[PDB]
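Here the structure is laid out as structure tokens; the discussion comes afterwards.
Residue numbers (PDB author numbering), protein chains in the order written: chain B, 152 to 187, 192 to 240, 248 to 269, 277 to 312; chain A, 152 to 187, 191 to 231, 234 to 240, 245 to 269, 278 to 312.
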């Protein structure tokens, strides 16, 4: 099945979108905003400048610099919690899985390979968000 | 860059392995067991559904109710696990299996067979890498 062979970045971007991004964007457009009601909403997705070993350390240092309050909204019979600043702050810790997939599935240039994968992860998010009409809701920012 | 083109199942299996399996197994090997008293006999039981459908989470919600678990904690390099007389069964549900359909549906512009083989590929890849790193005895994959 050559057609279902994807980069780990492409695969994890689609997984990250369906898990933590698309449910939040669908709820906001359905209710015209974030409901306990907030009219203006932004989902800020912070991307590290480089993809290095222990991505969790990078995000742990980044989360400390931001102050967030916990909020909750129900969707699909599920209470869902988000960290807000309205600014919904979400850290893609799933980026560590890019290096997890490559190192376990393969038998300088590696740092270049990770820089290309981080690009494809971000561009995949912009594409599916553009497809679903969520481009004004989702803002990707760097450190 | 053709070499880093994998099946979504293989990508997610290695992600699930590094996120949960490998740290829990490495902790067992270092402590000679599960330190909460150390339980010397520890096995991780991974429960997978028989079919990859939509709403795999509802499948796991159905599977959790049939199993009785107690929360335990340990520290590796704080982590929480659900366990089940000297022999401890660490129970884990790979809810990441929902990502296989998330990947194929989003990354592509009959379908039951593809998800069927992807579930097998997830299980095969997980066993393959666990066998490589020497954690095969601590891992057991079963279904409902």
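Cβ coordinates follow ideal geometry from the N, Cα and C atoms, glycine included.
is_contact[residue i, chain E] using C-beta, thresh 8 Å
{"i": "residue 210(B)", "result": "In summary, chain E is missing from the structure at hand, where the protein chains are B and A."}
Sub-8 Å separation of residue i and residue j beta-carbons
{"i": "residue 264(B)", "j": "residue 155(A)", "result": "yes"}
{"i": "residue 202(A)", "j": "residue 234(A)", "result": "no"}
{"i": "residue 200(A)", "j": "residue 308(A)", "result": "yes"}
{"i": "residue 297(B)", "j": "residue 168(B)", "result": "yes"}
{"i": "residue 197(B)", "j": "residue 237(B)", "result": "no"}
{"i": "residue 210(A)", "j": "residue 226(A)", "result": "no"}
{"i": "residue 287(B)", "j": "residue 228(B)", "result": "no"}
{"i": "residue 159(B)", "j": "residue 221(B)", "result": "no"}
{"i": "residue 272(A)", "j": "residue 191(A)", "result": "Position 269 is followed directly by 278 in chain A, which means residue 272(A) is not present among the coordinates."}
{"i": "residue 283(A)", "j": "residue 206(A)", "result": "yes"}
{"i": "residue 195(A)", "j": "residue 303(A)", "result": "no"}
{"i": "residue 164(B)", "j": "residue 294(B)", "result": "yes"}
{"i": "residue 161(A)", "j": "residue 289(A)", "result": "yes"}
{"i": "residue 311(A)", "j": "residue 204(A)", "result": "yes"}
Cβ-based burial, residue i [other Cβ within 10 Å; buried from 16]
{"i": "residue 299(B)", "result": "exposed"}
{"i": "residue 212(B)", "result": "exposed"}
{"i": "residue 281(B)", "result": "exposed"}
{"i": "residue 166(B)", "result": "buried"}
{"i": "residue 231(B)", "result": "exposed"}
{"i": "residue 216(A)", "result": "exposed"}
{"i": "residue 258(B)", "result": "buried"}
{"i": "residue 292(B)", "result": "exposed"}
Residue i: first and last residue of the uninterrupted beta strand (DSSP E) it sits in
{"i": "residue 230(B)", "result": "224-230"}
{"i": "residue 239(B)", "result": "233-239"}
{"i": "residue 196(A)", "result": "195-202"}
{"i": "residue 250(B)", "result": "249-252"}
Opening and closing residue of the alpha helix (DSSP H) in which residue i lies
{"i": "residue 220(B)", "result": "210-220"}
{"i": "residue 278(B)", "result": "278-301"}
{"i": "residue 173(A)", "result": "173-182"}
Under the three-state DSSP convention, the category residue i falls into
{"i": "residue 166(B)", "result": "helix"}
{"i": "residue 267(B)", "result": "helix"}
{"i": "residue 311(B)", "result": "strand"}
{"i": "residue 306(A)", "result": "helix"}
{"i": "residue 155(A)", "result": "helix"}
{"i": "residue 192(A)", "result": "strand"}
{"i": "residue 257(A)", "result": "helix"}
What residues from the region 196-224 of chain B come within 9 Å of chain A, judged by C-beta to C-beta, listed N to C?
none
Contact set between the region 287-310 of chain B and chain A, restricted to residues whose Cβ is under 7 Å from the partner:
297
Against chain B: residues of the region 160-174 of chain A by CB proximity under 8 Å
161, 162, 163, 165, 166, 168, 169 and 170
Chain-ordered residues of the region 257-269 of chain B with a beta carbon less than 7 Å from chain A
259, 262, 263, 264, 266, 267 and 268
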